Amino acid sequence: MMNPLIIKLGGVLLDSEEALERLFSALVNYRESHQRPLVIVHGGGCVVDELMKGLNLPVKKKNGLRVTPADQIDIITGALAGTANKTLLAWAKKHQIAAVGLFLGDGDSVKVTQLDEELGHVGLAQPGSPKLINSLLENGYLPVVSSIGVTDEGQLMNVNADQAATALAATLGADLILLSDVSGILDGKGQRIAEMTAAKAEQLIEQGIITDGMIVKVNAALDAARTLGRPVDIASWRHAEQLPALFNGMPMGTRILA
């Protein structure tokens, strides 16, 4: 087996049937034309915000991470580990892909602990064991992994999905692509930045250009590049014609260099 490729999916993609169809088309074409085994990691913040909206609950993000009280972890788990993961497994079945849905605790794939009492049930993700997912890959399944985990003491944890993808890339020795609703990291004028180093990201954060979850996204991508010794791309899932080349390694967004 080749090193796998993790494709991380998030943003408003799940709210778009058309975008899901175009993505699954491109995944089936990549899978039928590449020996490298695919793994999907996903977020779903929008699914949570909608269920929180319907419940009249506030959305507080502290430094790009969603504060997750003990009274909200069950609902967030339902939206992310349930609705978002099973919507993706249904698109995979429609496209004749044998997928297996997982969260971070299955096979201890990604180790999670409480990151900060000020955040509640938000996890810090770190590498775990590759045995279960390697076994699924060797048997021809596509793992589809949500960003909920669980601590050794049994408490469910909400992990930001970019950090969960980075931890899983380190666990499997996988290449990584972070797909979002924007074409990579944007500069002060809203233009795509083609390449990113740690020095440059420090400068942009100092200048207040990179903010919110983007700060979390870039730092997760940088950690992955240094840990794997390979570039990591941040790119958009929006434009159909770009998907095939993107999955083949062409630079469509921001290439993070370590």
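For every residue, the number given is its place in the sequence shown, counted from 1. Here, rigid core means the biggest group of C-alpha atoms that superpose within 1.5 Å across both forms.
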**OP:** Please pick 50-58 or 193-201, whichever has its Cα atoms farther from the shown form in 4 other deposited structures of this protein after a rigid core fit.
**Re:** 50-58
**OP:** Check the entry's C-alpha temperature factors for 17-25 and 243-251, then say which stretch has the higher mean.
**Re:** 243-251
Original post:
Hey, which bit's got the bigger mean C-alpha B factor in the entry, 230-238 or 8-16?
Top reply: 8-16
Subject >> Residue, from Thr77, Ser180, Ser129, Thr113, that the PDB entry assigns the highest Cα B-factor >> reply: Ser180
Original post:
From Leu222, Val39, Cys46, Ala201, can you pick the one with the highest C-alpha B factor in the entry?
Top reply: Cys46
Subject >> Third of the chain's Cα B-factor distribution that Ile73 belongs to, per the entry >> reply: middle
**OP:** Could you say whether, by C-alpha temperature factor, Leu186 belongs to the lowest, middle or highest third of its chain?
**Re:** highest
